[PDB]
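Here is the file input_21.pdb (PDB, C-alpha atoms (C1' of nucleotides)).
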ATOM      1  CA  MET A   1     -12.005 -41.264 -33.894
ATOM      2  CA  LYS A   2     -14.737 -39.790 -31.707
ATOM      3  CA  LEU A   3     -16.079 -36.237 -31.871
ATOM      4  CA  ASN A   4     -16.920 -35.045 -28.364
ATOM      5  CA  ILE A   5     -19.312 -32.340 -29.484
ATOM      6  CA  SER A   6     -20.705 -29.783 -27.044
ATOM      7  CA  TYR A   7     -23.388 -27.162 -27.697
ATOM      8  CA  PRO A   8     -23.084 -24.555 -24.926
ATOM      9  CA  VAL A   9     -26.062 -22.454 -26.075
ATOM     10  CA  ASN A  10     -28.193 -25.279 -24.731
ATOM     11  CA  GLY A  11     -25.330 -26.621 -22.612
ATOM     12  CA  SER A  12     -25.729 -30.216 -23.775
ATOM     13  CA  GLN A  13     -22.897 -32.379 -25.075
ATOM     14  CA  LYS A  14     -22.648 -35.658 -26.965
ATOM     15  CA  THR A  15     -19.988 -37.878 -28.552
ATOM     16  CA  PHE A  16     -20.174 -39.372 -32.051
ATOM     17  CA  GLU A  17     -18.090 -42.363 -33.150
ATOM     18  CA  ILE A  18     -16.665 -41.569 -36.596
ATOM     19  CA  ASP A  19     -14.990 -44.459 -38.417
ATOM     20  CA  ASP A  20     -14.924 -43.172 -42.018
ATOM     21  CA  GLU A  21     -11.616 -41.694 -43.138
ATOM     22  CA  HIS A  22     -13.260 -39.216 -45.522
ATOM     23  CA  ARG A  23     -15.012 -37.640 -42.540
ATOM     24  CA  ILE A  24     -11.890 -37.294 -40.383
ATOM     25  CA  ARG A  25      -9.656 -35.983 -43.204
ATOM     26  CA  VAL A  26     -11.118 -32.449 -42.992
ATOM     27  CA  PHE A  27      -9.857 -32.114 -39.403
ATOM     28  CA  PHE A  28      -6.290 -33.194 -40.267
ATOM     29  CA  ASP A  29      -3.538 -30.638 -39.477
ATOM     30  CA  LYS A  30      -6.190 -28.229 -38.140
ATOM     31  CA  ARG A  31      -5.607 -26.567 -34.795
ATOM     32  CA  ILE A  32      -7.508 -25.770 -31.597
ATOM     33  CA  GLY A  33      -9.276 -22.464 -32.196
ATOM     34  CA  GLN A  34      -9.774 -22.871 -35.939
ATOM     35  CA  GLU A  35     -13.189 -22.718 -37.598
ATOM     36  CA  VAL A  36     -14.193 -25.998 -39.254
ATOM     37  CA  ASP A  37     -17.253 -26.773 -41.397
ATOM     38  CA  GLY A  38     -18.481 -30.335 -40.995
ATOM     39  CA  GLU A  39     -20.677 -30.148 -44.095
ATOM     40  CA  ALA A  40     -17.832 -31.779 -45.997
ATOM     41  CA  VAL A  41     -17.630 -34.217 -43.069
ATOM     42  CA  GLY A  42     -21.342 -35.021 -43.111
ATOM     43  CA  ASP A  43     -24.615 -34.149 -44.817
ATOM     44  CA  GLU A  44     -26.452 -33.963 -41.480
ATOM     45  CA  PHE A  45     -23.847 -31.364 -40.455
ATOM     46  CA  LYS A  46     -25.060 -29.009 -43.205
ATOM     47  CA  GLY A  47     -24.259 -25.393 -42.404
ATOM     48  CA  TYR A  48     -22.556 -26.184 -39.098
ATOM     49  CA  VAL A  49     -19.447 -24.282 -38.007
ATOM     50  CA  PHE A  50     -17.178 -26.031 -35.496
ATOM     51  CA  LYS A  51     -14.210 -24.869 -33.432
ATOM     52  CA  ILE A  52     -11.662 -27.394 -32.188
ATOM     53  CA  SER A  53     -11.448 -27.283 -28.397
ATOM     54  CA  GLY A  54      -9.417 -30.184 -27.017
ATOM     55  CA  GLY A  55      -9.296 -33.908 -26.474
ATOM     56  CA  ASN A  56      -6.772 -36.679 -25.972
ATOM     57  CA  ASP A  57      -4.767 -39.178 -27.976
ATOM     58  CA  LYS A  58      -4.728 -42.991 -27.795
ATOM     59  CA  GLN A  59      -2.528 -42.854 -24.669
ATOM     60  CA  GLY A  60      -4.319 -40.140 -22.678
ATOM     61  CA  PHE A  61      -1.843 -37.332 -23.355
ATOM     62  CA  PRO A  62      -3.938 -34.250 -24.188
ATOM     63  CA  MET A  63      -3.515 -31.606 -26.822
ATOM     64  CA  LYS A  64      -2.265 -28.478 -25.060
ATOM     65  CA  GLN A  65      -3.200 -25.056 -26.477
ATOM     66  CA  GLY A  66      -0.784 -23.901 -29.147
ATOM     67  CA  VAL A  67       2.393 -25.639 -28.092
ATOM     68  CA  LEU A  68       3.512 -27.014 -31.522
ATOM     69  CA  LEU A  69       4.489 -30.286 -33.186
ATOM     70  CA  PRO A  70       1.681 -32.843 -33.730
ATOM     71  CA  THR A  71       3.926 -35.631 -32.371
ATOM     72  CA  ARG A  72       4.378 -36.062 -28.592
ATOM     73  CA  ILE A  73       7.023 -34.197 -26.583
ATOM     74  CA  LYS A  74       7.923 -33.775 -22.920
ATOM     75  CA  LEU A  75       7.537 -30.465 -21.105
ATOM     76  CA  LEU A  76       8.420 -28.909 -17.752
ATOM     77  CA  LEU A  77       4.903 -28.803 -16.360
ATOM     78  CA  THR A  78       3.349 -27.301 -13.242
ATOM     79  CA  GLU A  79       6.971 -26.629  -7.847
ATOM     80  CA  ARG A  80       7.133 -27.942 -11.424
ATOM     81  CA  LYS A  81       7.647 -31.468 -12.785
ATOM     82  CA  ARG A  82       8.134 -33.037 -16.230
ATOM     83  CA  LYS A  83       5.455 -35.047 -18.028
ATOM     84  CA  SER A  84       4.804 -35.976 -21.644
ATOM     85  CA  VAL A  85       2.739 -33.578 -23.754
ATOM     86  CA  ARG A  86       0.937 -34.368 -26.994
ATOM     87  CA  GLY A  87       1.054 -31.441 -29.388
ATOM     88  CA  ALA A  88      -1.561 -28.868 -30.308
ATOM     89  CA  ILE A  89      -2.209 -30.108 -33.846
ATOM     90  CA  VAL A  90      -4.684 -32.770 -34.969
ATOM     91  CA  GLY A  91      -3.204 -35.999 -36.271
ATOM     92  CA  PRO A  92      -4.559 -39.465 -37.089
ATOM     93  CA  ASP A  93      -3.238 -40.885 -33.790
ATOM     94  CA  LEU A  94      -5.927 -39.066 -31.800
ATOM     95  CA  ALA A  95      -8.371 -41.291 -29.969
ATOM     96  CA  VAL A  96     -10.842 -38.382 -29.771
ATOM     97  CA  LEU A  97     -11.336 -34.851 -31.046
ATOM     98  CA  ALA A  98     -13.402 -32.700 -28.690
ATOM     99  CA  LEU A  99     -14.877 -29.619 -30.370
ATOM    100  CA  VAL A 100     -17.523 -26.916 -29.935
ATOM    101  CA  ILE A 101     -20.300 -25.654 -32.228
ATOM    102  CA  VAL A 102     -19.927 -22.055 -33.426
ATOM    103  CA  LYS A 103     -22.655 -21.395 -36.018
ATOM    104  CA  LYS A 104     -25.642 -23.675 -36.542
ATOM    105  CA  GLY A 105     -26.953 -24.575 -39.997
ATOM    106  CA  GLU A 106     -30.073 -26.291 -41.295
ATOM    107  CA  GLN A 107     -30.469 -29.797 -39.905
ATOM    108  CA  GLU A 108     -30.766 -30.965 -36.315
ATOM    109  CA  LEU A 109     -29.267 -33.549 -33.949
ATOM    110  CA  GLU A 110     -31.718 -35.138 -31.500
ATOM    111  CA  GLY A 111     -29.422 -35.783 -28.549
ATOM    112  CA  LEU A 112     -27.444 -32.582 -29.139
ATOM    113  CA  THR A 113     -29.806 -29.791 -30.221
TER     114      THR A 113
ATOM    115  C1'   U B   1      -3.095 -38.172  -6.036
ATOM    116  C1'   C B   2      -3.278 -38.814 -15.105
ATOM    117  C1'   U B   3      -6.276 -35.944 -18.104
ATOM    118  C1'   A B   4      -9.645 -32.930 -21.996
ATOM    119  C1'   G B   5     -13.511 -29.450 -23.359
ATOM    120  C1'   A B   6     -18.949 -27.448 -21.564
ATOM    121  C1'   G B   7     -22.366 -24.834 -18.407
ATOM    122  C1'   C B   8     -22.930 -23.122 -13.050
ATOM    123  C1'   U B   9     -21.877 -19.811  -7.760
ATOM    124  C1'   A B  10     -11.141  18.719   2.188
ATOM    125  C1'   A B  11     -11.941  17.949   7.278
ATOM    126  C1'   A B  12      -9.351  17.345  11.845
ATOM    127  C1'   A B  13      -6.763  17.983  16.388
ATOM    128  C1'   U B  14      -2.461  19.529  19.138
ATOM    129  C1'   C B  15       1.479  22.604  20.156
ATOM    130  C1'   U B  16       3.443  27.881  21.337
ATOM    131  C1'   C B  17       2.042  33.404  20.992
ATOM    132  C1'   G B  18      -1.689  36.169  23.274
ATOM    133  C1'   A B  19      -5.491  41.093  22.766
ATOM    134  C1'   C B  20      -7.615  40.864  27.042
ATOM    135  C1'   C B  21     -10.765  40.248  31.891
ATOM    136  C1'   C B  22     -10.605  38.653  36.848
ATOM    137  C1'   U B  23      -9.611  37.622  41.144
ATOM    138  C1'   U B  24     -11.918  33.038  41.886
ATOM    139  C1'   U B  25     -12.372  26.725  40.220
ATOM    140  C1'   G B  26      -8.988  31.295  37.080
ATOM    141  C1'   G B  27     -10.503  31.831  30.386
ATOM    142  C1'   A B  28      -9.801  32.822  26.623
ATOM    143  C1'   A B  29     -10.682  35.476  21.076
ATOM    144  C1'   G B  30      -7.054  35.106  16.883
ATOM    145  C1'   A B  31      -1.279  35.027  15.537
ATOM    146  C1'   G B  32       0.808  30.876  13.616
ATOM    147  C1'   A B  33       3.091  25.899  13.404
ATOM    148  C1'   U B  34       3.108  20.132  12.463
ATOM    149  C1'   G B  35       2.643  12.652   7.007
ATOM    150  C1'   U B  36       4.878   7.110   8.042
ATOM    151  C1'   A B  37       8.364   3.742   6.086
ATOM    152  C1'   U B  38      12.265   3.395   2.463
ATOM    153  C1'   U B  39      16.851   5.762  -0.326
ATOM    154  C1'   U B  40      21.119   9.199  -0.830
ATOM    155  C1'   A B  41      22.981  14.125   0.383
ATOM    156  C1'   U B  42      22.728  18.256   3.868
ATOM    157  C1'   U B  43      21.643  20.298   9.652
ATOM    158  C1'   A B  44      21.213  20.543  14.996
ATOM    159  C1'   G B  45      22.334  16.319  18.510
ATOM    160  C1'   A B  46      29.308  30.140  27.142
ATOM    161  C1'   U B  47      27.332  30.586  31.846
ATOM    162  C1'   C B  48      24.154  31.723  36.515
ATOM    163  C1'   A B  49      22.730  31.752  41.992
ATOM    164  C1'   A B  50      25.960  33.267  47.384
ATOM    165  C1'   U B  51      26.922  30.389  51.010
ATOM    166  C1'   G B  52      32.610  32.303  47.564
ATOM    167  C1'   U B  53      34.577  37.413  47.482
ATOM    168  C1'   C B  54      34.745  42.805  47.903
ATOM    169  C1'   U B  55      32.577  47.037  49.929
ATOM    170  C1'   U B  56      31.438  53.335  50.903
ATOM    171  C1'   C B  57      26.714  48.884  53.693
ATOM    172  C1'   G B  58      24.226  51.285  48.477
ATOM    173  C1'   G B  59      25.854  47.297  45.937
ATOM    174  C1'   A B  60      29.841  45.459  42.853
ATOM    175  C1'   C B  61      32.742  40.523  41.304
ATOM    176  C1'   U B  62      32.260  34.486  39.268
ATOM    177  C1'   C B  63      39.792  35.033  40.395
ATOM    178  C1'   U B  64      39.015  30.194  44.437
TER     179        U B  64
END
Rewrite the structure from the file as C-alpha coordinates, please.
Amino acid sequence: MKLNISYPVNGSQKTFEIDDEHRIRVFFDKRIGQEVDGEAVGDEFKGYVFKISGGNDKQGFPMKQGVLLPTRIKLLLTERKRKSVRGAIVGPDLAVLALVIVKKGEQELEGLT
RNA sequence: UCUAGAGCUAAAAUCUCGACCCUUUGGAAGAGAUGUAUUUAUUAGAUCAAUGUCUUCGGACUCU
(Lines of atoms letter the chains of each structure in order from A and count residues from 1; the text may use other names and numbers.)
(Lines give C-alpha, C1' and ligand atoms only; values in the text may rest on other atoms or scores of the structure.)
Protein backbone atom coordinates (compact mmCIF):
# COMPACT_ATOMS: atom_id res chain seq x y z
CA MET A 1 0.00 0.00 0.00
CA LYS A 2 0.90 3.69 -0.09
CA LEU A 3 2.19 5.76 2.82
CA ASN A 4 0.78 9.28 2.58
CA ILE A 5 3.45 10.87 4.73
CA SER A 6 3.17 14.47 5.91
CA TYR A 7 5.79 16.53 7.76
CA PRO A 8 3.96 19.47 9.35
CA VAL A 9 7.10 21.11 10.80
CA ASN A 10 7.88 22.07 7.22
CA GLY A 11 4.27 21.53 6.13
CA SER A 12 5.17 19.40 3.12
CA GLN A 13 3.63 16.02 2.33
CA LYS A 14 4.46 13.14 0.01
CA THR A 15 3.23 9.63 -0.78
CA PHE A 16 5.45 6.54 -1.11
CA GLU A 17 4.35 3.37 -2.91
CA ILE A 18 5.33 0.41 -0.72
CA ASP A 19 5.00 -3.03 -2.32
CA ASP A 20 7.17 -5.17 -0.02
CA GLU A 21 5.27 -7.16 2.59
CA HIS A 22 8.11 -7.00 5.13
CA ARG A 23 7.75 -3.21 5.15
CA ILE A 24 3.97 -3.17 5.66
CA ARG A 25 3.95 -5.90 8.35
CA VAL A 26 5.10 -3.50 11.09
CA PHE A 27 1.94 -1.41 10.63
CA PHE A 28 -0.41 -4.41 10.90
CA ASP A 29 -2.99 -4.26 13.74
CA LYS A 30 -1.61 -0.85 14.78
CA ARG A 31 -4.04 1.97 15.41
CA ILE A 32 -4.43 5.67 14.62
CA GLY A 33 -2.55 7.56 17.32
CA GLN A 34 0.10 4.92 17.98
CA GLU A 35 3.82 5.61 17.69
CA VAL A 36 5.51 3.58 14.95
CA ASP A 37 9.21 3.34 14.06
CA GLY A 38 9.82 2.82 10.36
CA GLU A 39 13.45 1.81 10.89
CA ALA A 40 12.29 -1.80 10.78
CA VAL A 41 10.27 -0.77 7.71
CA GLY A 42 13.22 0.87 5.97
CA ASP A 43 16.88 1.75 6.39
CA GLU A 44 16.33 5.26 5.01
CA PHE A 45 13.73 5.68 7.78
CA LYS A 46 16.44 5.30 10.44
CA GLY A 47 15.44 6.95 13.70
CA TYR A 48 12.06 8.13 12.42
CA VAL A 49 8.99 8.04 14.67
CA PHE A 50 5.61 7.93 12.92
CA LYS A 51 2.04 8.32 14.16
CA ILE A 52 -0.83 6.81 12.18
CA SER A 53 -3.29 9.52 11.16
CA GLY A 54 -5.84 8.23 8.65
CA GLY A 55 -6.39 7.02 5.13
CA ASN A 56 -8.80 4.88 3.15
CA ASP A 57 -9.27 1.29 2.05
CA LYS A 58 -9.54 -0.17 -1.46
CA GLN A 59 -13.18 0.99 -1.70
CA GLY A 60 -12.86 4.54 -0.34
CA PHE A 61 -14.33 3.87 3.10
CA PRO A 62 -12.05 5.66 5.59
CA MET A 63 -10.70 4.60 8.93
CA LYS A 64 -12.65 6.51 11.57
CA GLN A 65 -10.93 7.40 14.86
CA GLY A 66 -11.20 4.61 17.41
CA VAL A 67 -14.43 2.95 16.38
CA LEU A 68 -13.29 -0.74 16.50
CA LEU A 69 -13.17 -3.84 14.32
CA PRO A 70 -10.69 -3.78 11.38
CA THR A 71 -13.40 -5.15 9.05
CA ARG A 72 -16.06 -2.80 7.60
CA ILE A 73 -19.31 -1.99 9.41
CA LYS A 74 -22.23 0.39 8.90
CA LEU A 75 -22.91 3.30 11.24
CA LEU A 76 -25.59 5.92 11.85
CA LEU A 77 -23.63 8.89 10.55
CA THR A 78 -24.23 12.63 10.52
CA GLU A 79 -30.35 14.91 10.45
CA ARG A 80 -28.36 11.65 10.41
CA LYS A 81 -28.07 8.92 7.77
CA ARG A 82 -26.42 5.48 7.55
CA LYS A 83 -23.27 4.78 5.54
CA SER A 84 -20.60 2.09 5.64
CA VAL A 85 -17.60 2.66 7.91
CA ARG A 86 -14.23 0.93 7.70
CA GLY A 87 -12.78 0.32 11.14
CA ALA A 88 -10.05 2.13 13.04
CA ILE A 89 -7.44 -0.63 12.83
CA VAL A 90 -4.88 -1.22 10.08
CA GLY A 91 -5.38 -4.31 7.96
CA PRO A 92 -3.93 -5.62 4.68
CA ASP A 93 -7.02 -4.50 2.73
CA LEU A 94 -6.03 -0.84 3.03
CA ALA A 95 -5.27 0.90 -0.24
CA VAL A 96 -3.32 3.59 1.66
CA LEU A 97 -2.04 4.38 5.13
CA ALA A 98 -1.74 8.11 5.79
CA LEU A 99 0.55 8.96 8.70
CA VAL A 100 2.49 11.82 10.30
CA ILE A 101 6.13 12.16 11.39
CA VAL A 102 6.68 12.58 15.14
CA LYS A 103 10.44 12.42 15.79
CA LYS A 104 13.05 12.71 13.06
CA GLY A 105 16.16 10.51 12.95
CA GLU A 106 19.36 10.53 10.93
CA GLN A 107 18.72 10.31 7.20
CA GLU A 108 16.74 12.62 4.94
CA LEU A 109 14.03 12.47 2.27
CA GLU A 110 14.44 14.93 -0.61
CA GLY A 111 10.81 15.59 -1.48
CA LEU A 112 9.70 15.41 2.16
CA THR A 113 12.33 17.05 4.38
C1' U B 1 -23.84 16.89 -3.39
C1' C B 2 -18.23 10.07 -1.20
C1' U B 3 -13.93 10.68 1.51
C1' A B 4 -8.79 10.90 4.53
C1' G B 5 -4.77 13.43 7.05
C1' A B 6 -1.46 18.51 6.82
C1' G B 7 -0.57 23.75 7.27
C1' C B 8 -3.30 28.69 7.01
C1' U B 9 -7.23 33.37 8.66
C1' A B 10 -20.46 50.82 43.58
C1' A B 11 -22.93 54.67 41.07
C1' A B 12 -27.78 56.36 39.82
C1' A B 13 -32.56 58.56 39.70
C1' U B 14 -37.59 58.89 41.44
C1' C B 15 -41.24 58.79 45.01
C1' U B 16 -43.33 60.78 49.98
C1' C B 17 -41.82 63.57 54.73
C1' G B 18 -40.14 68.40 55.50
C1' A B 19 -36.64 72.12 59.09
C1' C B 20 -37.54 76.31 56.97
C1' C B 21 -37.99 81.31 54.03
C1' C B 22 -41.18 84.19 51.08
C1' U B 23 -44.60 86.38 49.08
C1' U B 24 -43.37 86.27 44.05
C1' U B 25 -42.22 82.68 38.70
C1' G B 26 -42.86 80.44 44.76
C1' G B 27 -37.58 76.57 46.91
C1' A B 28 -35.83 73.85 49.18
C1' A B 29 -31.68 71.36 53.07
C1' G B 30 -32.04 66.17 55.04
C1' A B 31 -35.82 62.04 56.98
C1' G B 32 -36.46 57.78 54.38
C1' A B 33 -38.32 54.33 50.55
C1' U B 34 -37.96 51.25 45.60
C1' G B 35 -34.55 44.40 40.36
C1' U B 36 -37.14 41.66 35.62
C1' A B 37 -38.85 36.95 34.13
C1' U B 38 -39.77 32.04 36.01
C1' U B 39 -41.65 28.50 40.30
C1' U B 40 -44.62 27.25 44.76
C1' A B 41 -46.66 29.18 49.38
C1' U B 42 -48.43 33.58 51.98
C1' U B 43 -51.00 39.25 51.74
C1' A B 44 -53.88 43.50 50.18
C1' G B 45 -57.04 43.72 45.56
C1' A B 46 -67.34 52.01 57.37
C1' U B 47 -68.60 56.71 55.77
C1' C B 48 -68.86 62.32 54.47
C1' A B 49 -71.04 67.11 52.40
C1' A B 50 -76.82 69.95 53.00
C1' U B 51 -79.88 70.89 49.52
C1' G B 52 -82.25 66.09 53.90
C1' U B 53 -83.59 67.08 59.11
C1' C B 54 -83.79 69.54 63.93
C1' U B 55 -83.15 73.94 66.56
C1' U B 56 -82.62 77.88 71.67
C1' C B 57 -80.70 80.63 65.45
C1' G B 58 -75.48 79.15 68.57
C1' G B 59 -75.38 74.75 66.18
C1' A B 60 -76.74 69.58 66.57
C1' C B 61 -78.28 64.83 63.36
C1' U B 62 -76.88 61.10 58.37
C1' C B 63 -83.53 58.09 60.59
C1' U B 64 -85.52 59.47 54.72
Neighbouring residues of residue 34 (chain A) were defined as those with any atom within 12 Å, considering only C-alpha atoms (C1' of nucleotides); residues of the same chain fewer than 6 positions away were excluded. Please report them as a list in words.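 Contacts, with the query itself left out: residues 26, 27, 28, 49, 50, 51, 52, 53, 54, 65, 66, 88, 89, 90, 99, 100, 101 and 102 of chain A.
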Write out as a Markdown table the residues of chain B that have any atom within 6 Å of an atom of chain A, one row each with the nearest atom pair and its distance in Å to one decimal, counting only C-alpha atoms (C1' of nucleotides), sorted by chain and then rising number.
| residue | atom | partner | partner_atom | distance |
| --- | --- | --- | --- | --- |
| B:4 | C1' | A:55 | CA | 4.6 |
| B:5 | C1' | A:54 | CA | 5.5 |
| B:7 | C1' | A:11 | CA | 5.4 |
Selection: 12 Å around residue 29 (chain B), only C-alpha atoms (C1' of nucleotides), excl. self and same-chain fewer than 4 positions, as a PDB file with C-alpha atoms (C1' of nucleotides), in the frame of the given file:
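Output contents, as saved in around.pdb:
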ATOM      1  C1'   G B  18      -1.689  36.169  23.274  1.00  0.00           C
ATOM      2  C1'   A B  19      -5.491  41.093  22.766  1.00  0.00           C
ATOM      3  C1'   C B  20      -7.615  40.864  27.042  1.00  0.00           C
ATOM      4  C1'   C B  21     -10.765  40.248  31.891  1.00  0.00           C
TER       5        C B  21
END
> Any idea what's packed within 10 Å of residue 41 (chain A), counting all atoms listed in the file, ignoring anything in its chain fewer than 2 positions away? Could you give it as JSON, numbers by chain?
Replying inline: {"A": [18, 20, 21, 22, 23, 24, 25, 26, 27, 36, 37, 38, 39, 43, 44, 45, 46]}
Would you save the residues from that selection as an mmCIF file, keeping the file's coordinate frame, using C-alpha atoms?
data_model
loop_
_atom_site.group_PDB
_atom_site.id
_atom_site.type_symbol
_atom_site.label_atom_id
_atom_site.label_comp_id
_atom_site.auth_asym_id
_atom_site.auth_seq_id
_atom_site.Cartn_x
_atom_site.Cartn_y
_atom_site.Cartn_z
ATOM 1 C CA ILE A 18 -16.665 -41.569 -36.596
ATOM 2 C CA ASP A 20 -14.924 -43.172 -42.018
ATOM 3 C CA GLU A 21 -11.616 -41.694 -43.138
ATOM 4 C CA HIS A 22 -13.260 -39.216 -45.522
ATOM 5 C CA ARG A 23 -15.012 -37.640 -42.540
ATOM 6 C CA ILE A 24 -11.890 -37.294 -40.383
ATOM 7 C CA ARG A 25 -9.656 -35.983 -43.204
ATOM 8 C CA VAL A 26 -11.118 -32.449 -42.992
ATOM 9 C CA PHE A 27 -9.857 -32.114 -39.403
ATOM 10 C CA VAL A 36 -14.193 -25.998 -39.254
ATOM 11 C CA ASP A 37 -17.253 -26.773 -41.397
ATOM 12 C CA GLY A 38 -18.481 -30.335 -40.995
ATOM 13 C CA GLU A 39 -20.677 -30.148 -44.095
ATOM 14 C CA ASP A 43 -24.615 -34.149 -44.817
ATOM 15 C CA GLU A 44 -26.452 -33.963 -41.480
ATOM 16 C CA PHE A 45 -23.847 -31.364 -40.455
ATOM 17 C CA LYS A 46 -25.060 -29.009 -43.205
#
Which protein, DNA or RNA residues have an atom at most 9 Å from (3.1, -38.3, -31.3), counting all atoms listed in the file? List them as a JSON list (two decimals) with C-alpha atoms, in the frame of the given file.
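The resulting point21.json:
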[["chain", "number", "residue", "atom", "x", "y", "z"],
["A", 57, "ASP", "CA", -4.77, -39.18, -27.98],
["A", 69, "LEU", "CA", 4.49, -30.29, -33.19],
["A", 70, "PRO", "CA", 1.68, -32.84, -33.73],
["A", 71, "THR", "CA", 3.93, -35.63, -32.37],
["A", 72, "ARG", "CA", 4.38, -36.06, -28.59],
["A", 73, "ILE", "CA", 7.02, -34.20, -26.58],
["A", 85, "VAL", "CA", 2.74, -33.58, -23.75],
["A", 86, "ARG", "CA", 0.94, -34.37, -26.99],
["A", 87, "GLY", "CA", 1.05, -31.44, -29.39],
["A", 91, "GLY", "CA", -3.20, -36.00, -36.27],
["A", 93, "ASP", "CA", -3.24, -40.88, -33.79]]
Report, as lines of an AutoDock Vina configuration file, the axis-aligned box around all atoms of region 78-87 of chain A present in the file, extended by 6 Å on each side; give centre and edge lengths in Å to one decimal place.
center_x = 4.5
center_y = -31.3
center_z = -18.6
size_x = 19.2
size_y = 21.3
size_z = 33.5
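Counting from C1' of residue 48 (chain B), the distance to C1' of residue 15 (chain B) is 29.4 Å.
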> If you measure from CA of residue 84 (chain A) to CA of residue 15 (chain A), what distance in Å do you get, rounded to one decimal?
Replying inline: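 A separation of 25.8 Å between them.
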Atomic separation - CA of residue 16 (chain A) relative to CA of residue 103 (chain A), Å:
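Computed distance, CA of residue 103 (chain A) to CA of residue 16 (chain A), equals 18.6 Å.
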task = Carefully work through the PyMOL selection byres ((chain B and resi 31) around 7) for this structure and note down the residues it includes, as a list in words.
result = residues 17, 30 and 32 of chain B
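Considering only C-alpha atoms (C1' of nucleotides), the residue among B:64, B:1, B:26, B:35 positioned nearest to residue 52 (chain B) is B:64.
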